[PDB]
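Subsequent text provides structure tokens for two forms of one protein chain, presented individually as structure 1 and structure 2.
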Structure 1
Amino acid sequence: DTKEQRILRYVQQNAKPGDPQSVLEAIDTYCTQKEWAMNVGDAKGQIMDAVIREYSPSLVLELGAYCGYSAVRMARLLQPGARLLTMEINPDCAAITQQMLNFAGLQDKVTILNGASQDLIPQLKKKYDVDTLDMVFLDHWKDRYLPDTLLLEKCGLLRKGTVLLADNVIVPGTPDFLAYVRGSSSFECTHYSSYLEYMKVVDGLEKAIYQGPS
């Protein structure tokens, strides 16, 4: 038995089928009052919402999924015909995420790819007919933020205006990724700070808008 499974069982008893908002609230309640989980929080959640709404991405790529919270949080805001592609290496988190999306009524919008992102990313063009992404959400293994950004560029998956949004850049922290995008002229960066009231600790998200190479 895992924490993610217990979050699933809790949503199923306390949220309403097909209602993405009630699913998100059930998760926020469980991960505030009962068992903490990093991906969830609403300082973070309202920044994810504002970015999605400002940029209206047609194709989002999510690196990392735990119980589906981020994917539900994003998929529920996508326009009709917009699609979310989620890569998760842990097959158990992938199955929970899938069931969480099924519960939320959102499975028609999301495609879960199970695998290491470094191996899935070079395949997006040939296997999934992906040309370019409008948005990328980085919430997976902190060591992969930078190397995977480089792979996205190597494969031409970013275009002028593609929005990278990086979670947990301070806690547990992704300093090499922050150094790369803030220091590169390919990226225009905005940092969103987020006080974790319950930990007495400062964390943040990074927004980097790809400029192209030039």
Structure 2
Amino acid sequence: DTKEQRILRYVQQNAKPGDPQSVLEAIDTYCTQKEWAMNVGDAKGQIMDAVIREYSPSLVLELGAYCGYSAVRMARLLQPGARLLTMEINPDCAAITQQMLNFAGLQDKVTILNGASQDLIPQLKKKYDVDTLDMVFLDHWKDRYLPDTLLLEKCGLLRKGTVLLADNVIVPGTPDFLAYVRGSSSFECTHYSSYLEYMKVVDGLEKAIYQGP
């Protein structure tokens, strides 16, 4: 049994099927109360929601599905006909994400790609009928944000106005990517300050009274 299976099972047992908000809330409860996990969480999630609603993207690419928290978050706000493509290297995580999406009733909007982003990005146009992307959500390994951004550019997947939205630019941090985009005339950058997910960390004191030998 893995933490990620435990999260999925908690969702199946407690959330309302076909209700994306309920699925988000079950994940957040479980991770707040039982086991920390690297989902973006509700605080940053609300910022995500505001951005997605502003731009109304027709085609979104996610790097790093994990358990599908952000895929549910994003897909539930997509208009009819819009698509989310989400890349996940770990087959266990890809399976969990697909089940999470199924449970939420969002499976028709989302396509899961099993593989490493560096290998899949060059296949997007031919295999998945993609011209350019409207939005990219980066939340995979932090050292991959910059190499994959350069690869997206190389592969012709970016157009004027494509929105990159990157998690964790403060903690754990993505310093090369952040410096790059902030210094490049090819990008206009805005920072949205928030809070790291699930940080009400329990600790305690132990009192141990010696009784003699």
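The term rigid core refers to the maximal set of C-alpha atoms that superpose within 1.5 Å between the two forms. Only residues modelled in both forms are compared. Each residue is numbered by where it sits in the sequence of structure 1, with counting from 1.
Chemist: Core-aligned, does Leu24 move its Cα 2 Å or more between the two structures?
Modeler: No: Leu24 shifts by under 2 Å between the two structures.
Chemist: Using a superposition on the rigid core, decide whether the Cα position of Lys200 changes by 2 angstroms or more between the two structures.
Modeler: Yes, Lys200 moves 2 Å or more.
Chemist: Superposing on the core, what C-alpha displacement does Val40 show between the two structures, in angstrom?
Modeler: With the rigid core fitted, the alpha carbon of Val40 is displaced 3.2 Å between the two structures.
Chemist: By how many angstrom is the Cα of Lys127 displaced between the two structures when the rigid core is overlaid?
Modeler: Residue shift at the C-alpha: 1.1 Å.
Chemist: Rigid core superposed, I'd like the Cα shift of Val136 between the two structures in Å.
Modeler: Its C-alpha moves by 0.1 Å once the cores are overlaid.
Chemist: With the two forms aligned on the rigid core, where do runs of 3 or more residues move by 2 angstroms or more at the CA atoms between the two structures?
Modeler: Only this run moves by 2 Å or more: 195-213.
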